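Below is one structure; the comments refer to it alone.
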Amino acid sequence: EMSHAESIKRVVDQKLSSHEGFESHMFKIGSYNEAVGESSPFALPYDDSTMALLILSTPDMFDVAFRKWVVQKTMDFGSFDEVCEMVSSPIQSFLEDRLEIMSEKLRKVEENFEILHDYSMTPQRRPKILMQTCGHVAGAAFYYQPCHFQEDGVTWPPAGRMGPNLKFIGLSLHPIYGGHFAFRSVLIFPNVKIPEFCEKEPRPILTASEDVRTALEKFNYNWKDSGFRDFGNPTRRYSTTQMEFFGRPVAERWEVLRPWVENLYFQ
Ligand code: COB
């Protein structure tokens, strides 16, 4: 019931705070299953009224919280070069650490929960949960899907513009952050039912279909330049450092962080 659901969300929001770059949004599993299709491979095996929380990161996750974590790890390992050698997966390591701290408190409020990440997969490499769909049904961010922007006798999107095993995918836009955010995790509480809860509708960000199609092209074809993130004209944005980091392949990223821990000062 709903006081308990609110107490659960409160612990999450205490330990994964807005200031450090997290948000949470409540939704019902039934809303997700209705959207993906009740018989789709993505349908989740919980009753319709089961409580879930979507956790997303905002610009300060990287710029503030992760920066603090990298500074500390550098101190712990003794040098930046040592951290780089020993921590191949810094973003996921940071998130795992923060989620464990949260979970230690959350277990005392509701002991039974499952956690699915944006990167979680089955052994067949199917994503376990579709985050943009969660974001839309939870009202967190409007999900712009290519299949919703077709025109009769128009071939859009182009075919064969992207590399192997890549599809032309949709894009969610947040009402504060545009594309300067990411989905991170969903917590599912199988023993907590919230049938009376009504999710808010996601705010429309792009109202003209030609802007949507342009945004989707910028995302699929040009994402390294982060232009897609500025649709909706957000004022709260990823830093330059953060856009450089996520625009690079993982093997080239650590050097972007060197100044955080090796510079006496900045100028
Ligand atoms: C399965 C199908 C395709 N979608 C997917 O397969 C996406 C899954 C996944 C894991 C995302 C996380 C996740 N767990 O969701 C993530 N990627 Co990928 C890391 N990605 C990849 C994968 C392939 C990308 C590709 N182009 O094919 C890569 C690893 C290469 C990948 C790479 C990137 N990715 C990137 C990003 C940012 C994201 N990626 C996402 C999409 C996500 C959500 C991850 C995140 N964390 O937030 C990012 C986008 C956020 C946003 N603002 O929307 C990016 C830029 C990361 C980077 N900096 O390097 C980079 C390039 C993006 C690009 N456009 O190519 C993948 C696979 C994903 O979903 P679908 O929505 O089309 O179908 C679905 C269907 C299922 O039955 O029902 C639903 N439905 C039906 N009707 C209705 C609805 C739903 C609603 C709401 C309705 C109202 C009606 C809905 O239509």
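Here the sequence shown stands for residues 4 to 270, where the numbers follow the authors' numbering. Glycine residues also receive a C-beta, built at the ideal position from the N, C-alpha and C atoms.
Just checking my contact of residue i with residue j at CB under 8 Å: how many whole Å lie between their CB atoms?
i           : j           : result
residue 73  : residue 48  : The Cβ separation is near 38 Å, so there is no contact.
residue 69  : residue 191 : The pair is not a contact, with the Cβ atoms about 25 Å apart (cut-off 8 Å).
residue 184 : residue 56  : Their Cβ separation, rounded to whole angstroms, is 16 Å, which puts residue 184 and residue 56 out of contact at 8 Å.
residue 169 : residue 147 : The pair is not a contact, with the Cβ atoms about 18 Å apart (cut-off 8 Å).
residue 234 : residue 182 : 7 Å
residue 149 : residue 160 : 6 Å
Excluding sequence positions up to five away, which residues of its chain have a Cβ less than 7 Å from the Cβ of residue i?
i           : result
residue 18  : 104, 105 and 108
residue 39  : 45, 46, 133 and 136
residue 145 : 139, 175, 176, 205, 206, 207 and 208
residue 261 : 83
residue 66  : 242 and 245
Indicate the three-state DSSP secondary structure (helix, strand or coil) for residue i in the structure shown.
i           : result
residue 60  : strand
residue 225 : helix
residue 178 : coil
residue 207 : coil
residue 65  : helix
residue 71  : helix
residue 93  : helix
residue 195 : strand
residue 165 : coil
residue 45  : coil
residue 156 : coil
residue 111 : coil
On the criterion of 16 or more Cβ atoms from any shown chain inside 10 Å, does residue i qualify as buried, or is it exposed?
i           : result
residue 257 : buried
residue 240 : buried
residue 8   : buried
residue 139 : buried
residue 186 : buried
residue 231 : buried
residue 158 : exposed
residue 63  : buried
residue 164 : exposed
residue 268 : exposed
residue 100 : exposed
residue 61  : buried
residue 237 : buried
residue 227 : exposed
Can you tell me which residues form a DSSP beta bridge with residue i?
i           : result
residue 33  : In DSSP, residue 33 forms no bridge with anything.
residue 185 : 60
residue 190 : 56 and 118
residue 28  : 57
residue 147 : 174
residue 130 : 124
CB-CB under 6 Å to residue i, same chain, minus the five flanking residues each way: which ones, in chain order?
i           : result
residue 198 : 52
residue 77  : 83, 86 and 264
residue 246 : 229
residue 81  : none
residue 141 : 28, 30, 57 and 202
Spatial neighbours of residue i within its chain, please: C-beta separation below 8 Å, excluding the five flanking residues on both sides.
i          : result
residue 15 : 27, 56, 58, 105, 109 and 190
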